[PDB]
């Protein structure tokens, strides 16, 4: 279609030789564990405690997910293998079958429903160490120490138990440590202070915070592999709220959505995407890379920026800002947004051919 041209990316993180190399990816996003822990407390959660989470502006959507939530990661890996080298730092783009797909804060909000508005002024000063100092010796607080303390606390007049549950939720789902066990990494210091203030925790843009944390994991992952995927059974951790990334490829590519996604009946059309769809069950715990690659086939039907539906416009207006945040100057991405703005699609024929060849003919 005639129109302004999209420039090819200055580089890619991996060559197409790596598109068939599988990998075990370890998540750090303990949705199932947190929900199970909450349901199994010997002293059950109070109505106020339960409604804090079930009515939380962001975290209410974690309850619209299937029980025993299990992440499926080969869609994300397929995208990771096609990450473009760009100048922007606040968004990532993946080139599938020659078509750039964007993971920005808007997409993170559309799928999660989490508040992705701008940070309030001097948010880093929120809360204080008083609450944590009431329950943890000076030193390192591990994610498991918060879980243990939560299960060993007695519900009573003060909301300290609710604060602990909030801390557990934040540091298991939103900003989550990689290392576990006896020497587990210290949990996020901001979350420890923020959990002291339940009102602040209800309004803070945890969508932006989880998004920025996921951007860090993406960069660490790409640096780690440095262009080559090893032949190993050792899993690589990609910590943080990865649900938008797990579903992104399926939401942007109809061939994948049709074969691997099903509508979640009972869901409200006002909810974000994660509450309205679910992965179809297969004979395996997750989809294999070969399955994703095969269903990818030769399709050219791919949305660069996943489009919202009418029933979702109020939600996005409620959880996103009006203008995009300032980022580094990026003439390549600029050319993409120009061509997309004119109503034209983007597909680099050569890149498309290499993707198809790498997946289906060698």
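Numbering follows the first chain given and starts at 1.
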- Using only the Cα atoms and their B-factors as the entry lists them, report which of 324-332 and 58-66 averages higher. 324-332
- Select between 29-37 and 304-312 the stretch whose C-alpha atoms have the higher average B-factor in the entry. 304-312
- Of the choices 271, 74, 249, 175, which one's C-alpha carries the largest B-factor in the record? 271
- Name the residue from 217, 180, 124, 112 with the greatest C-alpha temperature factor listed in the entry. 124
- Item | Chain thirds of CA B-factor: placement of residue 259 | highest
- Task: Would you check the entry's CA temperature factor for residue 276 and let me know if it's in the chain's lowest, middle or highest third?
- Result: highest
- Classify residue 156 as lowest, middle or highest third according to the C-alpha B-factor given in the PDB entry, relative to its own chain. highest
- Query: How does residue 208 rank on Cα B-factor within its chain, lowest, middle or highest third?
  - Reply: lowest
- Task: Would you mind ranking residue 265 by its C-alpha B-factor against the rest of the chain and naming the third, lowest, middle or highest?
- Result: highest
